[PDB]
């Protein structure tokens, strides 16, 4: 019998799977019975990092801007009483309204159109019938697919008033991300970002999840490079102009250890304490990076409003 690590439980049944009208272009895994991607299988095992063409950069700018618009739709719905399923429904419609496919939907049979990660959920939480509670923290992770390209971002949000521990965890996590982004430029080793993130997390009494990493993204949802967020990692590769990847630190109040729910997706702290995450998709430029998933109409993430 599965022993839950914290207070959270899945709230079933799920509403029937939401359809995407056929005029929306679909990634290859959308119609695979196990949600496997033939294009991913063909590239599996590569450590070759794509140098994006100008056409690819235009494709990544567009899908990442639309992904930010969809996260912003989700951010507007965060309040006590709203279920994660209701947020996912709004996200699904917002994706379709922008002629995008919701990348998570049927990815290895993932059942929903975004990931909603409350409290002790590290990542990949499945939207369900649980209403958000005053005091919760919730990550919404949006991945969209447009014209052959995926874009990926996430923010952690407060549900009503939260305690000082929630404030410190979310603020430190956001700082970890911005300190890592600020280091991105040609010639920096991908393994260096984890030293920066862990140094800031540890300084604030938090741990860094080891089982999940930032990743290459463009024609595949994940590919080279692998970008760990913890110190002294063995990530292979050196940043060059035209590289596109995510940085998405998952930081925990307690220990770093994770386990998975019987659903096969929900990653939780083994100790049941809270975890927060922020994510941007980055394009390395000749001298810095472009934050493809940046908020355009505000300097700050939603939790600071």
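Numbering follows the first chain given and starts at 1.
Per the entry, where is the mean C-alpha temperature factor higher: 151 to 159 or 194 to 202?
Between 194 to 202 and 151 to 159, it is 194 to 202 that shows the higher mean C-alpha B-factor.
Can you tell me which stretch has the higher mean Cα B-factor, 40 to 48 or 249 to 257?
That would be 40 to 48.
Compare the CA B factors listed in the entry for 77, 140, 181, 121 and report the winner.
Of the options given, 77 has the highest CA B-factor in the PDB entry.
So among 70, 57, 268, 63, who wins on Cα B-factor in the entry?
By C-alpha B-factor in the record, 57 ranks first.
Is residue 128 in the lowest, middle or highest third of its chain when residues are ranked by C-alpha B-factor?
Lowest third.
Pull the Cα B-factor of residue 280 out of the PDB entry and bin it into the chain's lowest, middle or highest third.
Lowest third of the chain for residue 280's C-alpha B-factor.
Third assignment of residue 164 from its chain's C-alpha B-factors
For residue 164, whose C-alpha B-factor we compare with every modelled residue in the chain, the answer is the highest third.
Using the temperature factors of the C-alpha atoms in this entry, rank residue 134 within its chain: lowest, middle or highest third.
Highest third of the chain for residue 134's C-alpha B-factor.
Could you place residue 273 in the lowest, middle or highest third of its chain by Cα temperature factor, using the values in the record?
Middle third of the chain for residue 273's C-alpha B-factor.
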